[PDB]
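Note sheet for the following structure.
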Amino acid sequence: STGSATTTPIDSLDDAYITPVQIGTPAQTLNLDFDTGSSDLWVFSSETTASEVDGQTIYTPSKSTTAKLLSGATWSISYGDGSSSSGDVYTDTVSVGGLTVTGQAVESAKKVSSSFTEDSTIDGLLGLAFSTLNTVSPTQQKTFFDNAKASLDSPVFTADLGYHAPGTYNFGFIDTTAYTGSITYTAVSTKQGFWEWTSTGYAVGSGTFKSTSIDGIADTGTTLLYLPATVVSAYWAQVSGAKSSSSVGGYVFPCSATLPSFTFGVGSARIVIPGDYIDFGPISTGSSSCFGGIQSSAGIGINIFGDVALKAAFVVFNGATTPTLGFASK
């Protein structure tokens, strides 16, 4: 089997992407944030504290004839950005772009933190990291991809995120029309439960490539590119007027400035992030100070190849017995 779904930016800045997901019988369609950095499929629901729901579409398990309470199960998650949610668990039928999993754990939120309430466009998350990170207790549950894997034509999914435009998540096949050149595959460590890999280096604009190992995660659920402070400093030093603002919480730059591209290495291959992808607009409405899309990972404890990086590539998440990641230009 295969599936194919369009993913759409939630706003004009590509702060996140939402993909429609059918849950239950009859189908209830929710727009979920596909997150290769986590491993829980959780949704706003009829069980979510009323004051914490503000425009989201909810899953109502009592209206699904295929929903079954996962008795005794609870879940609770905290994300790198400080947000969190928790609740109980049902199993139900979940379909993405034509691909159907029966008995998928659907984690129903009883509580969500303010950032989730305040974002009316995201109805939940669909985790695509390794199932070892799943927070359901007492019995850890599998991701949608893990459940689908054996049925797929090939045990892979691909992320093809758009710049200021829709893109595509595919399951079970590689669309050879969706990228240029070849796909370069690189080793993955699953030891922390992430799609963790090692970039071979970077270049800033037309500068020479610096060969240096950068360990990080391919994370569709993180907006920006977070890299070591040395790398980030070298980038922003090429932007006139850029500075790191402690009050804002990262590098900002005058919108009148031209942003250089940023190149990262995948083996001997190179992915070029165009300068425009690194512009995240005014820090506040009407401000001439713009927020940068490449920021320091210092104090995150890991480097994160978030959407800024991934949207410059066609990315293969290969769930073969020994997982790997593939990157192509597009």
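The first residue of the sequence shown is numbered 1, and numbering continues consecutively from there. As a basis for the values below, the full set of heavy atoms in this structure was taken, side chains included, without hydrogen atoms, waters or symmetry mates.
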Q) In Å and rounded to the nearest 0.5 Å, what is the CD to OG1 distance from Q56 to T121? A) 8.5 Å
**Q.** Positive for side chain to side chain contact (heavy atoms under 4.5 Å, CB included) with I23, one of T93, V106, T60, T66
**A.** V106
Q: Check for a donor-acceptor pair, side chain of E52 on one end and backbone N or O of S114 on the other, with a separation under 3.5 Å.
A: no
Q) Does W195 reach the side chain of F130, with side-chain heavy atoms less than 4.5 Å apart? A) yes
Q.
Nearest 0.5 Å, please: how far is OG in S38 from CZ in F194?
A. 9.0 Å
Q: Tell me, please, which residues at least two apart from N170 pass side chain to side chain donor-acceptor pair (under 3.5 Å).
A: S4
Q.
Test of understanding: with side chain to side chain donor-acceptor pair (under 3.5 Å), list the residues that count as partners of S137, not counting sequence neighbours.
A. none
Q.
Are the side chains of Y235 and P260 in contact, using a 4.5 Å heavy-atom criterion?
A. yes
Q. Given the side-chain rings of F116 and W42, with only the six-membered ring counted for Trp, is the space between their centroids under 6.0 Å?
A. yes
For residues 10-17, tabulate all N or O donor-acceptor pairs below 3.5 Å that involve a side-chain atom, not counting sequence neighbours.
unit_1, atom_1, unit_2, atom_2, d
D11, OD1, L13, N, 3.1
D11, OD1, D14, N, 3.2
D11, OD1, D15, N, 3.1
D14, OD1, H164, N, 3.3
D14, OD2, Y17, OH, 3.3
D14, OD2, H164, N, 2.8
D14, OD2, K311, NZ, 2.8
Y17, OH, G162, O, 2.7

Q) What is the minimum heavy-atom distance between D219 and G37, and which atoms define it? A) OD1-N, 3.2 Å
Could you pull out every donor-acceptor pair under 3.5 Å between side chains of residues 275-288 and any protein atom, sequence neighbours left out?
unit_1, atom_1, unit_2, atom_2, d
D279, OD1, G281, N, 2.9
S287, OG, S289, N, 3.0

Q. What are the two closest heavy atoms between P9 and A165, and how far apart are they?
A. CD-O, 3.5 Å
Q | Test item: side-chain donor near acceptor, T49 and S51, under 3.5 Å | A | no
Q | Audit row: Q28, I58, side-chain contact (heavy atoms from CB on, under 4.5 Å) steps and yes/no | A | CA-CA 8 Å; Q28 303 178 38; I58 62 165; over 6 Å; no
**Q.** All salt bridge (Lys or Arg N to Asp or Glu O under 4.0 Å) counterparts of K330, not counting sequence neighbours
**A.** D160
Q. Between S85 and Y79, what is the shortest heavy-atom contact and its length?
A. OG-CE1, 4.4 Å
Q. side-chain contact (heavy atoms from CB on, under 4.5 Å) between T74 and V136: does it pass, once the steps are laid out?
A. CA-CA 6 Å; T74 56; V136 177; over 6 Å; no
Q: Report the residues that fulfil salt bridge (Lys or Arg N to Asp or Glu O under 4.0 Å) with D35, sequence neighbours left out, ordered by chain and then residue number.
A: none
**Q.** Residue pairs passing the salt bridge (charged side-chain N to carboxylate O under 4.0 Å, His left out) test where at least one lies in residues 20-33, sequence neighbours excluded
**A.** none
Q | Taking every non-hydrogen atom, the tightest pair across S115 and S83 | A | OG-CB, 3.2 Å
Q: Could you please spell out the steps behind the side-chain hydrogen bond (donor to acceptor under 3.5 Å, both in side chains) verdict for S76 and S86?
A: CA-CA 4 Å; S76 178; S86 61; 4.8 Å; no
**Q.** Side chain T25, main chain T65, donor-acceptor under 3.5 Å
**A.** no
Q: Report yes if the distance between the aromatic ring centroids of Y169 and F34 is under 6.0 Å, otherwise no.
A: yes
Q: Could you grab the distance from atom OG of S296 to atom CH2 of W236, nearest 0.5 Å is fine?
A: 13.0 Å
(Q) Listing request: all salt bridge (charged side-chain N to carboxylate O under 4.0 Å, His left out) pairs with a residue in residues 313-326, at least two apart in sequence or in separate chains. (A) none
(Q) For a side-chain contact (heavy atoms from CB on, under 4.5 Å) check, start with the C-alpha distance between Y202 and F262, then their side-chain angles and the critical distance, and finish with the verdict. (A) CA-CA 7 Å; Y202 70 99; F262 184 90; 3.5 Å; yes
Q: Drop me the distance from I271's CD1 to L310's CG, to the nearest 0.5 angstrom.
A: 10.0 Å
(Q) Does any part of the side chain of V231, heavy atoms only, come nearer than 4.5 Å to the side chain of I214, both counted from C-beta? (A) yes
Show every donor-acceptor pair shorter than 3.5 Å between a side-chain atom in residues 297-309 and any protein atom, with sequence neighbours excluded, or say none if there are none.
unit_1, atom_1, unit_2, atom_2, d
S297, OG, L227, O, 3.2
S297, OG, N303, OD1, 2.6
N303, ND2, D215, O, 2.8

Q) Just checking, is any N or O donor in the side chain of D153 or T2 under 3.5 Å from an acceptor N or O on the other one? A) no
Q.
Please give me the minimum heavy-atom distance between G193 and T132, naming the atom from each residue.
A. CA-OG1, 3.8 Å
Q. Taking atom CZ of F144 and atom CG of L126, what is their separation to the nearest 0.5 Å?
A. 7.0 Å
Q | Donor-acceptor side-chain pairing of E47 and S108 below 3.5 angstrom | A | yes
Q) Would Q140 and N134 count as having a side-chain donor-acceptor pair, cut-off 3.5 Å? A) no
Q: For residues 256-275, pull every pair meeting salt bridge (charged side-chain N to carboxylate O under 4.0 Å, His left out), keeping only residues two or more places apart or in separate chains.
A: none
(Q) For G127 versus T143, what's the shortest heavy-atom pair and its separation? (A) O-CB, 3.6 Å
Q) Do the rings of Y179 and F314 sit parallel, tilted or perpendicular, given the 30° and 60° boundaries? A) tilted
Q. Sequence neighbours excluded, which residues qualify as ring-ring contact (aromatic ring centres under 6.0 Å, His included) partners of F291?
A. none
**Q.** Sequence-distant partners of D54, side chain to side chain donor-acceptor pair (under 3.5 Å), two or more places apart
**A.** none
(Q) With heavy-atom distances below 4.5 Å as the criterion, would you say the side chains of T7 and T168 are in contact? (A) no
Q) Looking at CG of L32 and OG1 of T57, how far apart are the two atoms once the value is rounded to the nearest 0.5 Å? A) 10.0 Å
Q. When the ring planes of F264 and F327 are compared, do they come out parallel, tilted or perpendicular, using 30° and 60° as the limits?
A. perpendicular
Q. Is there a side-chain contact (heavy atoms from CB on, under 4.5 Å) between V156 and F317 once you walk through the steps?
A. CA-CA 6 Å; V156 307; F317 294 79; over 6 Å; no
Q.
In terms of relative ring orientation, are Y59 and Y90 parallel, tilted or perpendicular, with 30° and 60° separating the classes?
A. perpendicular
